[PDB]
Amino acid sequence: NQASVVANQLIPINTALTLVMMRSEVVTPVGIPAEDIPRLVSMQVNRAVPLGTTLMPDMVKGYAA
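Note on numbering: every chain is counted from 1 along its sequence as written, possibly out of step with the entry's scheme, and residues lacking coordinates are dropped from view. Note that water and hydrogens are dropped before the side-chain values are worked out from all heavy atoms of the structure.

Q: Please give an account of the nonpolar core that cites residues and values.
A: Take the buried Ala, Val, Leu, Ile, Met, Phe, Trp, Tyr and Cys residues and link them wherever side-chain atoms come within 4.5 Å; each set so joined is a nonpolar core. Categorising residues by exposure relies on relative accessible area from a 1.4 Å probe, with only protein chains included: less than 20% of the type maximum marks a residue as buried, more than 50% marks it as exposed, and the intermediate range marks it as partly exposed. Among the nonpolar cores identified, the biggest contains 15 residues, and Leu 17, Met 22, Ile 32, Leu 40, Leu 55 and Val 60 are the most heavily contacted of them. The contact criterion used is simple: two residues touch if any of their non-hydrogen atoms lie within 4.5 Å. In this structure, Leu 17 is in contact with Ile 11, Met 22, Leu 40, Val 41, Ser 42, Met 43, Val 45 and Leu 55, ignoring residues within four places of it in sequence.

Below, the structure is given as structure tokens:
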């Protein structure tokens, strides 16, 4: 099964991501894969990202395909 990224804690908007906030877990819809965890570090999202949220590439400003 394809795995994706998911929030681990209450991540506030306009904040930098970390290893704790990011994790591996299969969720739907499958957005960003688990093979980009060390690449999406210190990334600032353009919206509030609470616990249990499939980290997408469009939401992450700067993270492109």
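Q: Summarise unusual backbone geometry; cite the residues concerned and give the values.
A: In the segment running from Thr 28 into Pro 29, the intervening peptide bond is cis, with an omega of 0°. Checked against the element boundaries, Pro 29 lands in the segment after β2 (22-25). With a phi close to 60°, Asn 14 is a non-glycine residue in the positive phi region. The phi torsion at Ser 42 lies on the positive side, around 60°, for a residue other than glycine. Strands are runs of DSSP state E lasting at least 2 residues, helices are runs of H or I lasting at least 4, and numbering of each runs from the N terminus.

Q: Can you tell me about the pattern of salt bridges, naming the residues and giving the values?
A: Each reported salt bridge corresponds to a side-chain nitrogen of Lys or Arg within 4 Å of a carboxyl oxygen of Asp or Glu. Under the criterion given, the structure shown has 1 salt bridge. A salt bridge links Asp 36 to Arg 39, with the nearest nitrogen and oxygen atoms 4.0 Å apart. Note on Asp 36: relative accessible area 12%, which makes it buried. Assessed through its relative accessible area of 63%, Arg 39 is described here as exposed.

Q: Describe the UniProt feature "domain: AFP-like" in the protein, and please don't skip the residues or the numbers.
A: Mapped onto this numbering, the UniProt entry annotates "domain: AFP-like" at residues 4-63. In the segment residues 4-63, helix accounts for 0% and strand for 13%; the C-alpha atoms at its two ends are 15 Å apart. UniProt positions are given in the numbering used here, feature names are shortened, and annotations may be inferred rather than shown by experiment.

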